[PDB]
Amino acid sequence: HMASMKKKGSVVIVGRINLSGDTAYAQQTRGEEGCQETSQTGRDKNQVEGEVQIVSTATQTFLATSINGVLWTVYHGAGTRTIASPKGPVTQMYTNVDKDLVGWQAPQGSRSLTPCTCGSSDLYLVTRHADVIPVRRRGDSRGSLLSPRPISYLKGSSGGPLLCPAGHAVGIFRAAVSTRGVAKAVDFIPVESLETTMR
């Protein structure tokens, strides 16, 4: 009934993929208990840093990537959820289920990637475990793994970036192309699609 209807919690930043040095590694900034509390209140006063965030709901964990001052992730992870912030839940400024794409204003302290203008097809995918996977672009929204890997390896990395050799954002990791459980290619939201959504 109406009085007892529940409210879905906010997406919560629980860590980041550190790319600021010569070694890529995942950092956790909030544990599961604090994540559950923060999802319900929508108040998150933890310091945010970097370009790639690890995010979580009550039931899923995945990635989010800052590009052009917008923290982007996948609709199949975030739905229409708000994101927790120091002053309370923040509503999505972009939602496109047809692209599996959502976005919030980038948190204070985060750094944003620059959209790629290189026109280059030698890409790199960053996973939630801080693995940097070489990927050859095969189309507007597809890229092949130079070394295929079980889909278990990529699970939880949707919302992560595909980057060019110069570190520009080329797309947002959306889905794995799987055959007999082996990921030979990835599907991603092109950064141009994000730019069109922004307009």
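A residue's number is simply how far along the shown sequence it sits, counting from 1.
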Stretch with the greater mean C-alpha B-factor as recorded in the entry, comparing 183 to 191 against 18 to 26
18 to 26
Stretch with the higher entry mean CA B-factor, where the candidates are 45 to 53 and 63 to 71
45 to 53
Sort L163, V135, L154, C35 by C-alpha B-factor from the entry and give me just the highest.
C35
Selection from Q40, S141, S158, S144 [criterion: highest C-alpha temperature factor in the record]
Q40
Relative to the other modelled residues in the chain, which third contains the C-alpha temperature factor of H76: lowest, middle or highest?
lowest
Taking the chain's C-alpha temperature factors as the reference, tell me which third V170 falls into: lowest, middle or highest.
lowest
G103 - Cα temperature factor, lowest/middle/highest third of chain
lowest
